[PDB]
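J.: An experimental structure, sequence included, is below.
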Amino acid sequence: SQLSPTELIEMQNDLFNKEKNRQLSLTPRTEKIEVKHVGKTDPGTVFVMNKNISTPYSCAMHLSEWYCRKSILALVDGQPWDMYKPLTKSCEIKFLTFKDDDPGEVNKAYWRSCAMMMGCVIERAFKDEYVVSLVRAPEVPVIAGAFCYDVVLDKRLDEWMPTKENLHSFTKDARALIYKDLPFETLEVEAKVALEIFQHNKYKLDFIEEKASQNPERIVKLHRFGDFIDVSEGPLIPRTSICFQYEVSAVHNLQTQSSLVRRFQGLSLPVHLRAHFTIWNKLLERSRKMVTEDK
Amino acid sequence: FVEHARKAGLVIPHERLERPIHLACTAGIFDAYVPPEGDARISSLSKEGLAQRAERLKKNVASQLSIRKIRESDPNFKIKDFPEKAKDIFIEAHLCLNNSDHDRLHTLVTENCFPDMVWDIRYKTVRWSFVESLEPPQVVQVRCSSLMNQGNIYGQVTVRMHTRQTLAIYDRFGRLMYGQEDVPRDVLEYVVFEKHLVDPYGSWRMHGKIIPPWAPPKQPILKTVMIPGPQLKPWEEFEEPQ
């Protein structure tokens, strides 16, 4: 088997599109679903929407632009939903923001999102001659000063460690990614049809195995933006626009016996919370340390 | 809003209008036949449903009495002929809404049938098609109104009809709203037609369209709807029932 870089991307997107078509071809034929607003602004507000098509974002378009722009994450019953996930049965919806009193749910949803971006930054930035295997997106708590992604690289490429030029280029391509506006999309896949998309990454295939194993229906949660697809835990933030300052700060070589795993550590803030040029240097200092919470 | 400012502007003085108001129609339907609830299933057996219809046609004394008033007042009267012409009135009047021709629409439908159907429909494009009438149209009930003042008698013939129709409503910009035109939807309609007796010119009009309480839910709409809750003024807190 011999594969081109663009071919694999296309194939993944085709698998994903086949998925979508198969999810939509369930023939709901526009069934009426009912949502209620339990939020504190307009209580006793009802929404008659279209089951498994209409979204909690499409529910914000009824209120005002303010909701559309401010709300990162929806709290529907006992679950956070992300804005672009269609809705299943009758629900009750509350909207979450960065300035709310228990933003934590959103915060976890930020790092996850932010981490995923740095995937695109990396895999596509390498020479055709080498090989980049993305491993997992280890979830650190927010008090640790960074977000981290795990990466394995070609064995002959393993001796050199990055230069401030390379780092700055990572940052630059990240911000260039933020520049064009990318929506985030959520799909529910079976382990059988999920294991076919990732393939060549063994760590993806095994992570999928464990993750889908712990939950009885063998369900994998996929997140697609642009040409990139990634499996993660929990919901993501609605648009790429929301991320303002992006930095790829440090990269650290960690070595196990059977694997050489590099951490990519970075820092980012939302356009809502954006911080001053002095503070940014202070936090960009703390993101240089090797930050370990895996378990 | 029901309001009269009695303090200032007085009250519109009591006037004797030299023309007593002439009405071709009268809004109310005298008695609504309450249909059997199993008529969705009972219709699967035609010799059961049509048997019950025909039975209650022969058995009713009120219906026979009104039939007698229409038959004495208007000779050459057959009730077996009626559900045919009454079914023709539909294929004509719905085509009238299709083509947005109100002239011919005044001849067919009654004064009360007209305003609703014309009112809410008028700024859009409506296309309607009659494909099959699956169960032969049955006259369910007849009623006679005695107006003591005018000597006026008003006949009202109920027709129940099983029907197959395709409806496409394009909104004023040309984009679809209610339904697809390519689906032969299954529709059951209760209908009431009316007639003026003392009238020399013998008019038979569509009066009203009755829908049973167990009638199947209609097709879901395309666009999403937002129902606002009770509006709160500055000092008024929200209260939520269970």
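T.: Nice, I can see it. Numbering: from 1, shown residues only, chains lettered A, B, ... in the order given.

J.: Which positions in chain B make contact with chain A?
T.: Taking CB under 8 Å from any CB of the partner chain as the criterion, chain B approaches chain A at residues B:220, B:222, B:224, B:225, B:226, B:227, B:228, B:229, B:230, B:238, B:240. Just so you know, the C-beta spots here come from the backbone N, C-alpha and C atoms, and that holds for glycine as well.

J.: Compare those residues and tell me which is most surrounded.
T.: With neighbours defined as other CB atoms under 10 Å in any protein chain shown, the most crowded of the residues of chain B next to chain A is residue B:224; it has 18 neighbours.

J.: Looking at the residues of chain B next to chain A, which is nearest residue B:170?
T.: Of all the residues of chain B next to chain A, residue B:222 has the smallest distance to residue B:170: 11.9 Å, by CB to CB.

J.: a strand runs through the closest one, doesn't it?
T.: No - using DSSP: H, G, I helix; E, B strand; the rest coil, the assignment for residue B:222 is coil, not a strand.

J.: Touching, it and residue B:176? I think so.
T.: Yes - Residue B:222 sits in contact with residue B:176 when judged by CB atoms under 8 Å, with a separation of 7.0 Å.

J.: Quick check: which element contains the nearest residue in space to residue A:41 that is not next to it in sequence?
T.: Spatial nearest neighbour of residue A:41, excluding adjacent residues (CB to CB, 6 or more residues apart in numbering or on different chains): residue A:63 at 7.9 Å. Assigned by DSSP states H and E, residue A:63 belongs to neither a helix nor a strand.

J.: My understanding was that residue A:63 contacts residue A:47; is that so?
T.: No - contact status for residue A:63 versus residue A:47: not in contact, 9.7 Å apart, counting by CB under 8 Å.

J.: so what sits against both of those two?
T.: Jointly contacting residue A:63 and residue A:47 under the rule CB atoms under 8 Å, 6 or more residues apart in numbering or on different chains are residue B:226.

J.: Neighbour count: these two, which is higher?
T.: When residue A:63 and residue A:47 are compared for neighbours, residue A:47 comes out ahead with 22 against 19, by other CB under 10 Å.

J.: give me the element the residue nearest to the more buried one when sequence neighbours are not counted is part of.
T.: Of all residues not flanking residue A:47 in the chain, residue A:35 sits nearest, at 4.1 Å (CB to CB, 6+ apart). Counting by DSSP H and E, the element that carries residue A:35 is strand A:32-37.

J.: for the chain, what spans make up the strands?
T.: I'll assume chain A. Assigned by DSSP state E, the strands in chain A fall at A:32-37, A:45-50, A:73-76, A:79-82, A:91-96, A:132-134, A:147-153, A:185-190, A:219-225, A:228-231, A:243-255, A:260-270.

J.: wrong one, chain B
T.: According to DSSP E, the strands that chain B contains are B:125-132, B:138-146, B:153-170, B:185-196, B:204-210, B:225-227.

J.: could those be laid out in TSV, adding distance to residue A:194?
T.: Shown next, in TSV, are the strands of chain B (distance: least, CB to CB, whole Å):
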stretch	distance to residue A:194
strand B:125-132	46
strand B:138-146	58
strand B:153-170	41
strand B:185-196	40
strand B:204-210	53
strand B:225-227	36
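
J.: nearest to residue A:109, of those strands?
T.: Distances from residue A:109 to each of the strands of chain B were compared by CB to CB, and the smallest falls on strand B:225-227, at 26.0 Å.

J.: now that closest one, how far from the centre of its chain.
T.: The chain centroid and the centroid of strand B:225-227 are separated by 28 Å, computed with CA atoms, centre = their mean, to the nearest Å.

J.: Determine which of the strands of chain A approaches residue B:132 most closely.
T.: Of all the strands of chain A, strand A:32-37 sits nearest to residue B:132, with 27.9 Å by CB to CB.

J.: which parts of that closest one are buried?
T.: Residues of strand A:32-37 classed as buried: A:33, A:35, A:36, A:37 (neighbour count, 16 or more other CB atoms under 10 Å in any protein chain shown).

J.: Please name the residues that touch the residue lying closest to residue A:85 once chain neighbours are set aside.
T.: Among residues not flanking residue A:85 along the chain, residue A:186 sits closest, at 4.6 Å (CB to CB, 6+ apart). Applying CB under 8 Å, 6+ apart, we find residue A:186 in contact with A:82, A:84, A:85, A:221, A:222, A:223, A:235, A:236.

J.: between the strand holding residue A:35 and strand A:45-50, how big is the angle?
T.: Note on geometry: by axes from the mean of the first three to the mean of the last three CA atoms, to 10 degrees, strand A:32-37 and strand A:45-50 are set 150 degrees apart in direction.

J.: And stretch A:223-242, what's buried?
T.: For stretch A:223-242, a neighbour-count test (16+ other CB under 10 Å) marks A:223-225, A:228-232, A:234-242 as buried.

J.: Then stretch B:209-225?
T.: In stretch B:209-225, residues buried by neighbour count (16+ other CB under 10 Å) are B:210, B:212, B:224.

J.: from these, which single one is nearest chain A?
T.: When these are compared for distance to chain A (CB to the nearest CB), residue B:224 comes out closest, at 4.9 Å.

J.: Excluding residues flanking it in the chain, which one is nearest residue A:61?
T.: Nearest non-adjacent residue to residue A:61, counting by CB to CB, 6+ apart: residue A:68, 6.1 Å away.

J.: gap between the one you found and residue A:239?
T.: Using CB to CB, to the nearest Å, one gets 10 Å for the distance from residue A:68 to residue A:239.

J.: Residue A:47 touches residue A:59, doesn't it?
T.: Yes - applying CB under 8 Å as the test, residue A:47 and residue A:59 come out as touching, 5.4 Å apart.

J.: Give me the common contacts of these two.
T.: Both residue A:47 and residue A:59 are in contact with A:35, A:93, B:224, where contact means CB under 8 Å, 6+ apart.

J.: Please tabulate the residues you listed in CSV, including the columns distance to residue B:56.
T.: Listed next are those as CSV, based on distance: CB to CB, whole Å:
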residue, distance to residue B:56
A:35, 46
A:93, 51
B:224, 45
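
J.: For chain B, what's its nearest residue on the stretch 151-295 of chain A.
T.: Of all residues in the stretch 151-295 of chain A, the one sitting closest to chain B is residue A:238 (18.2 Å; CB to the nearest CB).

J.: Please name the nearest non-neighbouring residue to that residue.
T.: Closest to residue A:238 by CB to CB, 6+ apart is residue A:83, at 4.0 Å.

J.: residues touching the one you found, list them.
T.: Neighbour list for residue A:83: A:55, A:56, A:57, A:60, A:71, A:72, A:73, A:74, A:238 [criterion: CB under 8 Å, 6+ apart].

J.: Could you work out the most separated pair of those?
T.: A:55 and A:72 (14.1 Å).

J.: Looking at those two, which has the bigger crowd around it?
T.: Set side by side, residue A:55 and residue A:72 give different neighbour counts by other CB under 10 Å, the larger being at residue A:72 (27 against 21).

J.: unless I'm mixing things up, that one is touching residue A:238, no?
T.: Yes - with contact defined as CB under 8 Å, residue A:72 and residue A:238 form a contacting pair (6.6 Å).

J.: quick one, helices of chain A?
T.: Taking DSSP state H as the test, the helices found in chain A are A:5-24, A:56-60, A:65-70, A:104-123, A:164-179, A:191-198, A:202-214, A:277-286.

J.: Repeat that for chain B.
T.: According to DSSP H, chain B carries its helices in the segments B:39-42, B:46-59, B:61-73, B:82-98, B:102-108, B:113-121.
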